[PDB]
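Asker: Residue numbers (the deposited numbering): 10 to 347.
From the three backbone atoms N, C-alpha and C, an ideal C-beta is built for every residue, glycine too.
Pasting a structure here, questions to come.
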Ligand SMILES: O=C(O)CNC(=O)C(=O)O
Ligand SMILES: [Fe+3]
Ligand SMILES: [Zn+2]
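Put into C-alpha cells, the structure is as follows:
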C-alpha cells in the first residue's frame, strides 16, 4: 500500500530476482509505483558483465555540453554538440580539475553544491548511444530484451515501438543534469548503473504530476506557450527548494553502482550525476500502462517526437473498452494507487 508514496528499495534474493516480469508485479503489489520511482539492488553474486575494461574503447559519437541558465532553483538548459571522443578520453576529461566532482562531506552536501554551481563550468554528457554492455548469455534483467507488452505487440502485431524498447548507454560526469520529465508515452523506464560514481534522483508521485505541470507552467510561461508538453523537451530544471515551497511532494534517493532504478508511468523525475559513470537504460510497459498511454499529453512542436499508436494495446488487452474508446467515449480518471 505505501500510503506515504515514498521511494522503496527492494533487496531480492537470487530466486526472487531471476524473473524481472514477475518481480515487477511483486513491487507493484507492495505499492512501489506510488512513489513514481523504486530502487532494486540485485544480490551481490549477480554480475551482468565480468570485466568493464574494454568499455574504455567505446566511441561516444556526439557528446553534449549542457548550457544551464537561470537562478534561485529555476533553470533552462540548451545543448552544444562537441567532437566525438572515446570513453577513455571522456573519463580523463571528467576526472580533470575543471570537471571533477568537488570536495564534499556527504550526499546532502554534494546536492547543495550541485544546485549552487549549476551556472559555472558546463558539464559534458554522452547520451542516447545505442547498445547494451551486458555480456552474452546474461538472461536476468537483460535490458536489451525484457519482453514486456511492448515487445509482444511489436513482434506479434508488427506495431512500431519507435526504438524506445532498445538499450541506450549514458556516460555522466559531475554535474550533468537530467531535467524534469516523464518518459515517452508516459512509459516505464529502467536504468542500471554499471560502474562509476552515483546518480541522484528526484521523483514526484504520479498522483501529483498535474500539480508539477501547473507549477512549471507558472514559472516557465514562454516555454509553456510554445508547447503543450514542453517538459518533454527535458530542458527544465526546478530545485527541491522550489518544490517544497510550492507544496509539490517529492522524494530523493541516490543510485550507486550495481543498482537498478525503475520509473513508473507518469512518475516525474530528474536528477544529476555525481562524477564519471556509465549507465544503461530502456523503456518498457505492462498492462497497467495502457490507460496512461491512452491519455499521454504529447509534444506538439517538433515532428521528430515519439508517438506510439495505442489502438493495438486497447484492442488486445482492453477488448471490453475498445469500441467505447474508438468512439472517443472512454473517459476516466486514473487511480495511480491501484
Ligand atoms: O540517467 C539519466 O540521465 C536519465 N535517466 C532517466 O531519466 C531514466 O532512466 O528514465
Ligand atoms: Fe527518465
Ligand atoms: Zn514540444
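Unbroken beta strand (DSSP E) runs of length 3 or more, entirely within the region 42-123: which are they?
Answerer: List check, beta strand (DSSP E) in window: 46-49, 73-80 and 83-90.
Asker: Kindly provide the ranges of any beta strand (DSSP E) runs that are 3 or more residues long and lie completely inside the region 155-194, ordered along the chain.
Answerer: Counting only runs of 3 or more, we get 177-181 and 186-190.
Asker: On the three-state DSSP scale, how would you describe residue 34?
Answerer: To locate residue 34, count along the chain shown from 1; it is residue 25. Reduced to three states, the DSSP call for residue 34 is helix.
Asker: Taking the C-alpha atoms as reference points, what is the distance between residue 296 and residue 102?
Answerer: Here the question's residue 296 lines up with position 287 in the chain shown. Here the question's residue 102 lines up with position 93 in the chain shown. Rounded to whole angstroms, residue 296 to residue 102 spans 43 Å at the Cα level.
Asker: Compute the beta-carbon to beta-carbon distance between residue 201 and residue 139, rounded to the nearest angstrom, for a pair I have assumed lies under 8 Å.
Answerer: Position 192 of the chain shown, counting from 1, holds the residue named residue 201. Position 130 of the chain shown, counting from 1, holds the residue named residue 139. Not really, about 16 Å apart at Cβ, beyond 8 Å.
Asker: Pull up the distance between the alpha-carbon of residue 84 and that of residue 245, whole angstroms please.
Answerer: Sequence index remark: in the chain shown, residue 84 carries index 75 (1-based). Sequence index remark: in the chain shown, residue 245 carries index 236 (1-based). Between residue 84 and residue 245, the C-alpha separation is close to 6 Å.
Asker: Leaving out five residues before and five after residue 144 in sequence, what residues of the same chain have Cβ atoms less than 7 Å from its Cβ?
Answerer: Looking up residue 144 in the chain shown gives position 135. Cβ neighbours of residue 144 beyond the five flanking positions: 57, 58 and 59.
Asker: Any idea if residue 344 is buried or exposed, counting beta-carbon neighbours within 10 angstroms, 16 or more meaning buried?
Answerer: Taking the chain shown and counting its residues from 1, the one referred to as residue 344 is at position 335. Label assigned to residue 344: exposed.
Asker: Can you tell me where the beta strand (DSSP E) holding residue 212 begins and where it ends?
Answerer: As a first step, residue 212 is located in the chain shown; it is residue number 203 there, counting from the start. That run of the beta strand (DSSP E) goes 208-212.
Asker: What residues come near ligand 2, if near means a beta carbon less than 6 Å from any of its heavy atoms?
Answerer: Going by the Cβ distance cut-off, the answer is 190, 192, 198, 272 and 278.
Asker: If we count Cβ pairs, one from each stretch, closer than 8 Å, do we get three or more for the region 272-292 versus the region 181-191?
Answerer: Contact holds: three or more Cβ-Cβ distances are below 8 Å.
Asker: Looking at C-alpha atoms only, which residue of 152, 291, 316 and 263 is the closest neighbour of residue 115?
Answerer: Your numbering for residue 115 matches position 106 in the chain shown. Taking only the C-alpha atoms, the option nearest residue 115 is 263.
Asker: Given this structure, state the Cα-to-Cα distance separating residue 327 from residue 88, to the nearest angstrom.
Answerer: The sequence position of residue 327 within the chain shown is 318, counting from 1. The sequence position of residue 88 within the chain shown is 79, counting from 1. Approximately 41 Å between the Cα atoms of the pair.
Asker: Determine contact between the region 253-268 and the region 13-26, defined as no fewer than three beta-carbon pairs at a distance below 8 Å.
Answerer: Yes, they touch.
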